[PDB]
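Okay, here we've got a single chain as structure tokens, the form deposited in one PDB entry, with questions on binding and movement later.
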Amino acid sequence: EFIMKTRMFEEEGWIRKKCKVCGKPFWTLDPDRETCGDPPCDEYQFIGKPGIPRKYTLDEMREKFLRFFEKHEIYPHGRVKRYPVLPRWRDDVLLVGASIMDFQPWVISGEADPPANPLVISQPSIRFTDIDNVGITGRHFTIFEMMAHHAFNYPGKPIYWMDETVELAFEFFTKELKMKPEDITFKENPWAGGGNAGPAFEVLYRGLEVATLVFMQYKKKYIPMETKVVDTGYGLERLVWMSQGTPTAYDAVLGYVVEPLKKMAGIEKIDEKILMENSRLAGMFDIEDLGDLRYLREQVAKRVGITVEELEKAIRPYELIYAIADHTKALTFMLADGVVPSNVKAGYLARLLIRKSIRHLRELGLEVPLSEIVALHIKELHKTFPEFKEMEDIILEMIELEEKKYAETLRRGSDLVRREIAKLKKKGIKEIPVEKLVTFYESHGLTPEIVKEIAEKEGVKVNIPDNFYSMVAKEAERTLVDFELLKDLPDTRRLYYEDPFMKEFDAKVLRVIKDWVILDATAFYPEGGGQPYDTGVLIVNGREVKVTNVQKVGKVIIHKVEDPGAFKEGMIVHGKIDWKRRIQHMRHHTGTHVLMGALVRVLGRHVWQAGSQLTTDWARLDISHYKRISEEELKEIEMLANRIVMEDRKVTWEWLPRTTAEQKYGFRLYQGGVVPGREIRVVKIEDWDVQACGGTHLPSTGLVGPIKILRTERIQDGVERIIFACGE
């Protein structure tokens, strides 16, 4: 069904072929190539023979890729600062897994401009599905950099497409990296991606997939997208490995940690051969899970000429160290970018990495706190990611707390499981199924190695699944008032955005549905952003009718009134807001913002809203934080907040197109989560705090009055709550 002719292929005489092994179509310059270049059709040919003529470091390659595309004479790209691995701009994924995710949904739908079109980027990406392969295959990482040039072809506005994309790739590979042209293949491999799909190439060189070229043009035959998006992905680590020729990708990227851990653990350094042959066959042979670690192991055993026991003896220490190295790097990005360990979402993933890593250290027989290993990452990488230096104290503290709290979790967890194993055993069970091993982790925090020595110690079975961790990983992703009769109406003019001191107004009745009145313009605040609705009255025929609720549906606001029969379509009414109720909310809402700037500064940049609610008497703010707020910190925050009131800084607002706002102010805007619209409403407290926000704010901080913090409470692991009161 899929085409894939390109101008380059035609002009340069590339041949389209069906692979003899996988049957799939691929393009080649080699008249003698019969296979697609992709394991198991072909094999890694570069271990001990770098296929890139000179050795590169991560830093060297990243810059090389970014430079080439930035300085291109026919298609220059804007260079774009990587985004956090924690997607603040969307609420549907836990972690960034791919550079394209920076630009979903808003840029692709056209609702937000690209930062630059076309753009070039190097995006740290995290993938938990490969986790059980890390340190075992020689090429899988939790955390890796995806380099990409992207182009967003909006209708009427071509940038570039397939012809240019494969010319660009081929140029970068052949002119910049000096790879052999007759050794590169472009394999056709249609792509489906959840939401959308299109034709794709895999670029293959000496058996390694060095790049993915994807042309998005269908969304959920399927259904053709309006915007055509060039979505590339080049693996930094794979490219570095292709230039080093080391027995594993880990020795090429994580040396600064692999070696230190070998020395400390003091481990009998392996026959290099075994490590080379493992990676070789691990290519040819995916862990499609099932039970095939055991077939991989048997295979490398026969090739090196030893038993699986002596193999396991020799490799395991390497497997452990590779995994610790990878997992700690991933935890540095995650924590730096704002992940607080916990039992939910990315906190749960951070916690999983911490616990998995600690157990690897214990299986090595290494007595070294995990934080020390993170420190190595901070030392090597802060040059190119300054944020690691800035966050260092918080990152290391979070690790130490988790390490310390893990030691207790384990003693009481051991006792608790041992008892419920014995229960299962006198219930005629001698196995323990996947599901229950998962639950043991999920609710007692024990990893399957621990369970098994407890279990076999009273006649019950260990059977740790090869894919245990990628399983547990899947768990992190847990889980109308008035409709449609509105769509045909104009957006309500929000007078409270023009003047948040407007207490009276005039307007025209557009609809009366049941007991909700709909105006053409209103100064009544609709519920949202933790700010309750205004109340007040509407006046019609000299008849005052109380407003008791004010909600928003799309862009149309509805007023709940006590007497719907007083109003008819076309009637002119006189609005009058309850000023006391409004003024107390304004104080609490702006207070909440004064607060957030104080919390961030006293606790740290990882501080993110998690919940927020205000009333006429008190407000509360829930935040992501990794420990109790101490009495002293409480007072430190209250002081700092009160200093900003007394200082009377300007509070201002403006609308900005989404990508502009983000690029000026960073992703801190997205506190209450994420807001639709081509343009967003930015509330700013001068040199203090800045937020994408819908509510009504005071012009000045002075107008908030004294801010008294009432108390603090834990809500759950990772979430602390602060309750305060504003005004004199």
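Definition used throughout: the rigid core is the maximal C-alpha set that superposes within 1.5 Å between two forms. Note that residue numbering begins at 1 and tracks the sequence as displayed.
Not on display, but discussed next: the form solved in complex with a small molecule.
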Which of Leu119, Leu275, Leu446, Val210 has a heavy atom within 4.5 Å of the small molecule in the deposited complex?
-> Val210
Tell me, which of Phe186, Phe333, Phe141, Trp241 has a heavy atom within 4.5 angstroms of the small molecule in the deposited complex?
-> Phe141
Work out which of the listed stretches, 386-394, 202-210, 279-287, 221-229, brings a heavy atom within 4.5 angstroms of the small molecule in the deposited complex.
-> 202-210
Is the gap between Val509 and the small molecule in the deposited complex 4.5 Å or less for some heavy atom pair?
-> no
Can you check whether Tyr160 is within 4.5 Å of the small molecule in the deposited complex, heavy atom basis?
-> no
Hey, in the deposited complex, is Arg303 touching the small molecule, heavy atoms inside 4.5 Å?
-> no
Counting only non-hydrogen atoms and a 4.5 angstroms cut-off, does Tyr154 reach the small molecule in the deposited complex?
-> no
Of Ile394, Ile583, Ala98, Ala301, Cα shift of 2 Å or more between this form and the one not shown on rigid-core superposition seen only for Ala301
Does the C-alpha of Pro706 move 2 Å or more between this form and the one not shown once the rigid core is lined up?
-> no
Rigid-core frame, C-alpha of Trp27, shift of 2 angstroms or more between this form and the one not shown = yes
Can a Cα shift of no less than 2 Å be assigned to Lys635 between this form and the one not shown, given superposition on the rigid core?
-> no
